[PDB]
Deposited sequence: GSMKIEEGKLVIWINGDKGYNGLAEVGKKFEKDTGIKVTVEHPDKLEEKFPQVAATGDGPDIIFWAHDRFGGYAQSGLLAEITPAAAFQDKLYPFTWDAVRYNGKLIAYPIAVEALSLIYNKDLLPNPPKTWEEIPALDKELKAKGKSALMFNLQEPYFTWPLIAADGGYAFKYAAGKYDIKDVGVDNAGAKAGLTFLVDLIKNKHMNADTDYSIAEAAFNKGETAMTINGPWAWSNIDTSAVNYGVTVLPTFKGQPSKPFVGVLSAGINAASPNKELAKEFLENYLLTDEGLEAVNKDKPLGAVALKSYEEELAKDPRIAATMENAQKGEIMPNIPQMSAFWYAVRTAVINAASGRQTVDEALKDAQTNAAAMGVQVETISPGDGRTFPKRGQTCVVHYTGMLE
């Protein structure tokens, strides 16, 4: 809500690289661009957008953006085939494009080369690998087991999916969590915990410290984690995730993307900056110099960056992986899957028993509105309006 354009991007993303692109826009156009990194901008943008005041451009995962679309402007691209078709699919909601894809942020297997010259290509190796490394005085493999984003790549490897896709749509009723592939995947992860190869309590924070310290041989993470391994003076490399039962681990992949706020009047100015400054081999490089994006949506600079085994490995994990659906019911997937996994590790429920639960919990509507007394049928509450109600609340 002004005559210059304001950009919001996360603190781990290297805003100073973006700033130098904005300064080049200023030398060429005169328009001043300021890039901010608010503490909880992902949650903050919806609250402020509803008032009709928020930044002109916002940079997040494509997945959050699907919810913004059910508060965000259609971009118009024509000869913008500089980006891959699969990256464009990330930013498409009801056949409309919500944003400009930037980076492909797929999980990978990262490994200390001095602790392990050649990483294991299979999951089944890691137990045997851990005994050899445990004797030396270190671990094999530490990553976040709390959040299902990191456990899922193993789980969906031998089959099993959030929501089946048919006739160009997602089917919120058809969930692939209580099938054999899911069970085999999960049971292998539980067994690794049962055999003291991994600890249920370990989280992202704990795992990050150990790999950066050099206490663990391998971790699992995105290119968001690369700058911290760099600073930690640890000889590391990024490879393909280990296969499970000869099938590749299929991580859900997030795409860093640039959307425009409907309440931004600077849409024409913002579009020029994204289309003709950000999505440029030099533009993207300025960012990557500050903090790496891994694989990028632009083909120009991706063909350059993929000479690095890290970026080449990232894209590989993204291809064998599937792109993260942006549909709302994914909230209820992640919730269903996080509780299933955590309780399998806890030994609260059996694997077969937790995934049974998950298959139900994932497909359940967030809210069902059944009528008691009908309304006028005309007037509906609109964002920024105060609702006056009576209510009775109780547990089901």
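A.B. asks: Give me the ranges of the deposited sequence that have no CA atoms here, in sequence order.
C.D. replies: No C-alpha coordinates exist for 1 to 5, 76 to 79.
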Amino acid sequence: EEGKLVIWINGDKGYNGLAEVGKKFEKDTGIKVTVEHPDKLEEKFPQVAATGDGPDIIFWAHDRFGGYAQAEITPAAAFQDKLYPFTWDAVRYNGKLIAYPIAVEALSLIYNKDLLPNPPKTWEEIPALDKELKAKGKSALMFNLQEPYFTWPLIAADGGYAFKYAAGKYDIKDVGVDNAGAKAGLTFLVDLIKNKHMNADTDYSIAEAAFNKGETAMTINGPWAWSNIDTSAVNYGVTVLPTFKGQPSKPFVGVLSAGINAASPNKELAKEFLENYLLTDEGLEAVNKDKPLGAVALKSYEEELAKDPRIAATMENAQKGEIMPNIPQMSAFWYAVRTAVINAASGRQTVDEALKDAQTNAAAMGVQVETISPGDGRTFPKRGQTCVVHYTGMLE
From here on, numbers count along this sequence of modelled residues.
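A.B. asks: Out of 149 to 157 and 115 to 123, which stretch has the higher average CA B-factor listed in the record?
C.D. replies: It is 115 to 123.
A.B. asks: Averaging C-alpha B-factors over each stretch, which comes out higher, 262 to 270 or 87 to 95?
C.D. replies: Between 262 to 270 and 87 to 95, it is 262 to 270.
A.B. asks: Highest Cα B-factor in the PDB entry belongs to which of 220, 186, 102, 129?
C.D. replies: Highest C-alpha B-factor among the listed residues goes to 129.
A.B. asks: Of the options 247, 317, 257, 276, which has the highest CA B factor as deposited?
C.D. replies: If I rank 247, 317, 257, 276 by C-alpha B-factor, first place goes to 276.
A.B. asks: If you rank the chain by CA B-factor, which third does residue 170 end up in: lowest, middle or highest?
C.D. replies: Its C-alpha B-factor belongs to the middle third of this chain's values.
A.B. asks: Grab the CA temperature factor for residue 356 from the record and place it in the lowest, middle or highest third of its chain.
C.D. replies: Lowest third.
A.B. asks: What third of its chain's C-alpha B-factors does residue 164 belong to: lowest, middle or highest?
C.D. replies: Lowest third - that is where residue 164 ends up once the chain's C-alpha B-factors are sorted.
A.B. asks: Give the position of residue 371 by CA B-factor within its chain, expressed as the lowest, middle or highest third.
C.D. replies: Within its chain, residue 371 is a lowest-third residue by C-alpha B-factor, going by the deposited values.
A.B. asks: Quick check on the deposited entry: does the C-alpha B-factor of residue 41 sit in the lowest, middle or highest third of its chain?
C.D. replies: Ranked within chain, residue 41 CA B lands in the middle tercile.
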